[PDB]
């Protein structure tokens, strides 16, 4: 197993933490809790070339919670710059994030990600998004919410870092699950917990799944 430091940068509220969390646990966090400085999480993908680990440095986009700022970028091997296709300012700031990043990390693969393409009223039109071209960034439209192009940033970085253009994500192996006996002592415990769960509504009952 080989590990790579990945820094995630972009304006507050663009979907950085939401995107990473979805990748870590599968959950979609609807609430906006501004990152304080940085959150560091390991993230592993299984490939045809074996497992690849990203040390994800999910940095704060809001100036007041910026912490060490470019101090987070030191020894980064790859990066995602994020903006929100529903907020023009977030795309206007993409060159600022890129500037700060490449002054510290001169020769790294970087993906530009326009997040929130699930939202009908898009404000940053496809035709406007050209900044990646002269800077040799990969670009993806993504949605942390719909999972549109969800895996694409990591697959592209994996190909770049391993140096194999035919690297694929593969199905992680699935061990036989164990048989357990129901604990007689925890019988009453589970009645309670199941009671509460049944009477709490599942979110987004209007979605396709």
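Numbering follows the first chain given and starts at 1.
*Would you determine, from the values in the PDB entry, which of 189-197 and 5-13 has the greater average C-alpha temperature factor?*
So the stretch with the higher mean C-alpha B-factor is 189-197.
*Do the C-alpha atoms of 107-115 or of 121-129 have the higher average B factor in the entry?*
Taking the mean C-alpha B-factor of 121-129 and of 107-115, the larger value falls to 121-129.
*In the PDB entry, which of 38, 142, 155, 180 has its C-alpha at the highest B-factor?*
Top of the list by C-alpha B-factor: 180.
_Chain-wide C-alpha B factor ranking for residue 66, given as lowest, middle or highest third_ = Residue 66: CA B-factor falls in the middle third of its chain.
*Divide the modelled residues of the chain into thirds by Cα B-factor and specify which third, lowest, middle or highest, holds residue 59.*
As the PDB entry reports it, the C-alpha B-factor of residue 59 lands in the lowest third of its chain.
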